[PDB]
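Have a look at the structure below before the remarks.
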Amino acid sequence: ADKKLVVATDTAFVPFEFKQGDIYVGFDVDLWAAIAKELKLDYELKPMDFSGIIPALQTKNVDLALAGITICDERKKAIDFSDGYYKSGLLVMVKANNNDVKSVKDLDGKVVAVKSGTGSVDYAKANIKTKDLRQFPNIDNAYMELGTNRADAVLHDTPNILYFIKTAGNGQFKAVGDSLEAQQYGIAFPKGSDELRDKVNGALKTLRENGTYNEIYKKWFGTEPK
């Protein structure tokens, strides 16, 4: 019973972290619990907005974080990452009856809604000449900026977008283009948590080969490609 690790998590990032009644469920929730079981660790989930997860690690108010955090070189100057646990990317979503946009290129001189503090904003800042880039603390407010056509498209992570269309879009939104900015998701740790980082990486490999990872993956992403 050494102590309870504090695990920072996203308030809403379906299907990796979301609120289901009085508990949190998702891919990251199932994956860490398995990791914490292997390494015999006690922990608590602390959901918060994504823009404060990395600062929470920098200020050492949280012991680690699992929230679709993309492994980035600019972020490694500030925090430590584990080994990738999911290959992801960015994808453009527009309304279902919209046909003038067929890829991210058609989004030049248009209004794009994104989530503040995420990478989708830097990609949009560096590769799209938006007439206006509208940022929202949670991605659900971006969705509405699209549904009511105040914004022309949302650019966010591929699994989040392909799950939102799958579950709560109700055939009102569609995915146009191909996956972009190939990236990998990693468990983030504050600088100086090297012993725990190496242990988590070891438990990661154990679950990748004994099939527990494929068990959790098949649960949320069905017959998703390895």
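All residue names refer to the structure tokens as shown: chains lettered A, B, ... in order, residues numbered from 1 in each chain, ligands numbered from 1 in order.
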Item to check | For segment 77-81 of chain A: contacts at 10 Å, only C-alpha atoms, fewer than 6 positions along chain excluded, given as a list in words | outcome: residues 54, 55, 57, 58, 64, 65, 69, 70, 71, 185, 186, 187, 188, 189, 190, 191, 192, 193, 194, 197 and 201 of chain A
Spatial neighbours of residue 41 of chain A, 8 Å, only C-alpha atoms, chain gap at least 5 places, as a compact mmCIF listing (two decimals) with C-alpha atoms, in the first residue's frame:
# COMPACT_ATOMS: atom_id res chain seq x y z
CA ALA A 1 0.00 0.00 0.00
CA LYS A 4 -2.34 6.14 -4.34
CA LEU A 5 -0.99 7.40 -7.67
CA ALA A 36 -1.93 -0.90 -12.43
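Closest approach to residue 99 of chain A from the set A:35, A:66, A:7, A:175 is made by A:175, with distances taken over only C-alpha atoms.
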Next on the checklist: Using DSSP secondary structure from the backbone, list all alpha helix (DSSP H) positions within segment 98-140 of chain A, as a PyMOL selection string.
Outcome noted: chain A and resi 120-127+139-140
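Atom CA of residue 203 of chain A is found 23.7 Å from atom CA of residue 223 of chain A.
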Next on the checklist: When DSSP is applied to the backbone of this structure, which of segment 127-206 of chain A are assigned strand (DSSP E)? Write them out as a ChimeraX atom specification.
Outcome noted: /A:132-136,153-157,173-185,188-190
Nearby residues (only C-alpha atoms) at most 9 Å from residue 97 of chain A, same-chain spacing under 3 positions excluded, as a PDB file with C-alpha atoms, in the first residue's frame:
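The file below, part17.pdb, is the result:
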ATOM      1  CA  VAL A  94     -18.068  18.243 -41.748  1.00  0.00           C
ATOM      2  CA  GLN A 172     -25.578  14.338 -39.037  1.00  0.00           C
ATOM      3  CA  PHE A 173     -21.780  14.442 -39.475  1.00  0.00           C
ATOM      4  CA  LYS A 174     -19.377  12.665 -41.815  1.00  0.00           C
TER       5      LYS A 174
END
Next on the checklist: Please list as a VMD selection string every residue within 9 Å of residue 160 of chain A, counting only C-alpha atoms and excluding residues in the same chain fewer than 3 positions away.
Outcome noted: chain A and resid 13 to 16 156 to 157 163 to 165
Give me a file of those residues, with N, CA, C and O atoms, as a PDB file, in the first residue's frame.
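Okay, this is what ended up in out.pdb:
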ATOM      1  N   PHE A  13     -13.224  12.542 -23.919  1.00  0.00           N
ATOM      2  CA  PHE A  13     -12.465  12.229 -25.125  1.00  0.00           C
ATOM      3  C   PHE A  13     -12.857  10.816 -25.564  1.00  0.00           C
ATOM      4  O   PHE A  13     -12.107   9.849 -25.426  1.00  0.00           O
ATOM      5  N   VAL A  14     -14.064  10.702 -26.103  1.00  0.00           N
ATOM      6  CA  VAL A  14     -14.626   9.392 -26.454  1.00  0.00           C
ATOM      7  C   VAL A  14     -13.824   8.789 -27.601  1.00  0.00           C
ATOM      8  O   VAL A  14     -13.446   9.515 -28.538  1.00  0.00           O
ATOM      9  N   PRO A  15     -13.519   7.487 -27.567  1.00  0.00           N
ATOM     10  CA  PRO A  15     -13.901   6.509 -26.546  1.00  0.00           C
ATOM     11  C   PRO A  15     -12.767   6.192 -25.578  1.00  0.00           C
ATOM     12  O   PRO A  15     -12.734   5.111 -24.999  1.00  0.00           O
ATOM     13  N   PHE A  16     -11.820   7.111 -25.379  1.00  0.00           N
ATOM     14  CA  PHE A  16     -10.703   6.830 -24.485  1.00  0.00           C
ATOM     15  C   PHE A  16     -11.038   7.305 -23.076  1.00  0.00           C
ATOM     16  O   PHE A  16     -10.818   6.570 -22.107  1.00  0.00           O
ATOM     17  N   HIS A 156      -9.978  17.100 -35.534  1.00  0.00           N
ATOM     18  CA  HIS A 156      -9.592  16.503 -34.263  1.00  0.00           C
ATOM     19  C   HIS A 156      -9.157  15.065 -34.524  1.00  0.00           C
ATOM     20  O   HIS A 156      -9.157  14.594 -35.665  1.00  0.00           O
ATOM     21  N   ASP A 157      -8.772  14.372 -33.452  1.00  0.00           N
ATOM     22  CA  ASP A 157      -8.195  13.039 -33.579  1.00  0.00           C
ATOM     23  C   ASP A 157      -9.071  12.026 -34.308  1.00  0.00           C
ATOM     24  O   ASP A 157     -10.291  11.992 -34.127  1.00  0.00           O
ATOM     25  N   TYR A 163     -15.478   7.721 -33.692  1.00  0.00           N
ATOM     26  CA  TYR A 163     -16.341   7.186 -32.643  1.00  0.00           C
ATOM     27  C   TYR A 163     -17.520   8.121 -32.407  1.00  0.00           C
ATOM     28  O   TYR A 163     -18.629   7.655 -32.117  1.00  0.00           O
ATOM     29  N   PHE A 164     -17.303   9.435 -32.514  1.00  0.00           N
ATOM     30  CA  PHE A 164     -18.402  10.385 -32.353  1.00  0.00           C
ATOM     31  C   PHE A 164     -19.442  10.212 -33.452  1.00  0.00           C
ATOM     32  O   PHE A 164     -20.650  10.249 -33.185  1.00  0.00           O
ATOM     33  N   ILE A 165     -18.993  10.035 -34.696  1.00  0.00           N
ATOM     34  CA  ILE A 165     -19.920   9.781 -35.795  1.00  0.00           C
ATOM     35  C   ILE A 165     -20.620   8.456 -35.512  1.00  0.00           C
ATOM     36  O   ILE A 165     -21.808   8.283 -35.812  1.00  0.00           O
TER      37      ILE A 165
END
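The smallest atom-to-atom distance between residue 147 of chain A and any of A:113, A:56, A:216, A:12, using only C-alpha atoms, is found for A:113.
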Item to check | residue 150 of chain A surroundings by only C-alpha atoms, 12 Å radius, close-in-sequence under 6 positions cut, as a PyMOL selection string | outcome: chain A and resi 94-95+110-113+132-134+141-144
With N, CA and C atoms kept, could you save the residues just selected as a PDB file, in the first residue's frame?
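Just written: again_15.pdb:
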ATOM      1  N   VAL A  94     -17.145  17.196 -41.338  1.00  0.00           N
ATOM      2  CA  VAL A  94     -18.068  18.243 -41.748  1.00  0.00           C
ATOM      3  C   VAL A  94     -19.473  17.675 -41.601  1.00  0.00           C
ATOM      4  N   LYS A  95     -20.466  18.524 -41.857  1.00  0.00           N
ATOM      5  CA  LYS A  95     -21.847  18.069 -41.795  1.00  0.00           C
ATOM      6  C   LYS A  95     -22.105  17.057 -42.907  1.00  0.00           C
ATOM      7  N   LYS A 110     -11.770  29.141 -44.587  1.00  0.00           N
ATOM      8  CA  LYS A 110     -13.014  28.689 -43.988  1.00  0.00           C
ATOM      9  C   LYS A 110     -12.875  28.760 -42.473  1.00  0.00           C
ATOM     10  N   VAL A 111     -13.975  28.491 -41.775  1.00  0.00           N
ATOM     11  CA  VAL A 111     -14.008  28.517 -40.318  1.00  0.00           C
ATOM     12  C   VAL A 111     -13.867  27.095 -39.792  1.00  0.00           C
ATOM     13  N   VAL A 112     -12.808  26.853 -39.024  1.00  0.00           N
ATOM     14  CA  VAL A 112     -12.515  25.540 -38.464  1.00  0.00           C
ATOM     15  C   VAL A 112     -12.589  25.636 -36.948  1.00  0.00           C
ATOM     16  N   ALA A 113     -13.343  24.728 -36.336  1.00  0.00           N
ATOM     17  CA  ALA A 113     -13.461  24.653 -34.888  1.00  0.00           C
ATOM     18  C   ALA A 113     -12.546  23.551 -34.376  1.00  0.00           C
ATOM     19  N   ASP A 132     -11.001  31.991 -39.889  1.00  0.00           N
ATOM     20  CA  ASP A 132     -11.059  32.077 -38.436  1.00  0.00           C
ATOM     21  C   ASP A 132     -10.907  30.675 -37.865  1.00  0.00           C
ATOM     22  N   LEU A 133     -10.051  30.541 -36.854  1.00  0.00           N
ATOM     23  CA  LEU A 133      -9.853  29.288 -36.131  1.00  0.00           C
ATOM     24  C   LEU A 133     -10.481  29.445 -34.752  1.00  0.00           C
ATOM     25  N   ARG A 134     -11.610  28.778 -34.534  1.00  0.00           N
ATOM     26  CA  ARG A 134     -12.369  28.910 -33.297  1.00  0.00           C
ATOM     27  C   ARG A 134     -11.990  27.780 -32.346  1.00  0.00           C
ATOM     28  N   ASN A 141     -18.328  21.316 -27.745  1.00  0.00           N
ATOM     29  CA  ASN A 141     -18.743  22.652 -28.162  1.00  0.00           C
ATOM     30  C   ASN A 141     -18.324  22.970 -29.600  1.00  0.00           C
ATOM     31  N   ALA A 142     -17.276  22.297 -30.083  1.00  0.00           N
ATOM     32  CA  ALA A 142     -16.861  22.450 -31.473  1.00  0.00           C
ATOM     33  C   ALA A 142     -17.887  21.736 -32.343  1.00  0.00           C
ATOM     34  N   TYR A 143     -18.307  20.559 -31.908  1.00  0.00           N
ATOM     35  CA  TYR A 143     -19.303  19.799 -32.691  1.00  0.00           C
ATOM     36  C   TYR A 143     -20.473  20.735 -32.973  1.00  0.00           C
ATOM     37  N   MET A 144     -21.036  21.344 -31.934  1.00  0.00           N
ATOM     38  CA  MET A 144     -22.217  22.212 -32.130  1.00  0.00           C
ATOM     39  C   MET A 144     -21.820  23.359 -33.053  1.00  0.00           C
TER      40      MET A 144
END
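Checking A:128, A:121, A:101, A:204 one by one against residue 153 of chain A, counting only C-alpha atoms, you find the shortest gap at A:101.
When only C-alpha atoms are used to measure the gap to residue 51 of chain A, the shortest distance among A:75, A:208, A:226, A:115 belongs to A:115.
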Checklist entry - What does the distance between atom CA of residue 219 of chain A and atom CA of residue 45 of chain A come to in Å, to one decimal place? => result 20.7 Å
Checklist entry - When distances are computed from only C-alpha atoms, which of A:107, A:146, A:176, A:72 shows the smallest separation from residue 119 of chain A? => result A:72
Next on the checklist: Neighbouring residues of residue 9 of chain A were defined as those with any atom within 9 Å, considering only C-alpha atoms; residues of the same chain fewer than 4 positions away were excluded. Please report them as a ChimeraX atom specification.
Outcome noted: /A:17,28-29,45-50,53,65-68
Item to check | Within 12 Å of residue 37 of chain A using only C-alpha atoms, minus same-chain residues under 5 positions, as a ChimeraX atom specification | outcome: /A:30-32,42-43,200,203-204,206-207,212
With N, CA and C atoms retained, write the just-selected residues as an mmCIF file, in the first residue's frame.
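Just written: result-v2.cif:
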data_model
loop_
_atom_site.group_PDB
_atom_site.id
_atom_site.type_symbol
_atom_site.label_atom_id
_atom_site.label_comp_id
_atom_site.auth_asym_id
_atom_site.auth_seq_id
_atom_site.Cartn_x
_atom_site.Cartn_y
_atom_site.Cartn_z
ATOM 1 N N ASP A 30 -9.586 1.347 -19.122
ATOM 2 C CA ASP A 30 -9.365 -0.094 -19.055
ATOM 3 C C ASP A 30 -7.877 -0.404 -19.154
ATOM 4 N N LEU A 31 -7.135 0.328 -19.979
ATOM 5 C CA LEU A 31 -5.703 -0.036 -20.157
ATOM 6 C C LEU A 31 -4.910 0.199 -18.870
ATOM 7 N N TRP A 32 -5.072 1.351 -18.222
ATOM 8 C CA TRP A 32 -4.241 1.625 -17.023
ATOM 9 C C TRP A 32 -4.605 0.669 -15.898
ATOM 10 N N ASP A 42 -1.906 1.249 -6.513
ATOM 11 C CA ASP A 42 -3.142 1.921 -6.132
ATOM 12 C C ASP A 42 -3.207 3.301 -6.774
ATOM 13 N N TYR A 43 -4.369 3.648 -7.323
ATOM 14 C CA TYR A 43 -4.483 4.887 -8.077
ATOM 15 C C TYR A 43 -5.881 5.473 -7.939
ATOM 16 N N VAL A 200 6.056 0.996 -16.132
ATOM 17 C CA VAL A 200 4.841 1.043 -16.938
ATOM 18 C C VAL A 200 5.124 0.522 -18.343
ATOM 19 N N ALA A 203 5.124 -3.306 -18.087
ATOM 20 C CA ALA A 203 3.761 -3.818 -18.036
ATOM 21 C C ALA A 203 3.060 -3.659 -19.377
ATOM 22 N N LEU A 204 3.399 -2.609 -20.128
ATOM 23 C CA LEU A 204 2.797 -2.409 -21.441
ATOM 24 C C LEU A 204 3.100 -3.584 -22.362
ATOM 25 N N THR A 206 4.044 -6.639 -21.519
ATOM 26 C CA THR A 206 3.397 -7.860 -20.983
ATOM 27 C C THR A 206 1.974 -7.981 -21.517
ATOM 28 N N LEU A 207 1.223 -6.882 -21.526
ATOM 29 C CA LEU A 207 -0.204 -6.924 -21.938
ATOM 30 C C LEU A 207 -0.331 -6.956 -23.463
ATOM 31 N N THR A 212 -4.180 -9.194 -23.462
ATOM 32 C CA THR A 212 -5.081 -8.318 -22.718
ATOM 33 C C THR A 212 -5.270 -6.986 -23.435
#
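The interatomic distance for the pair atom CA of residue 93 of chain A and atom CA of residue 19 of chain A works out to 23.2 Å.
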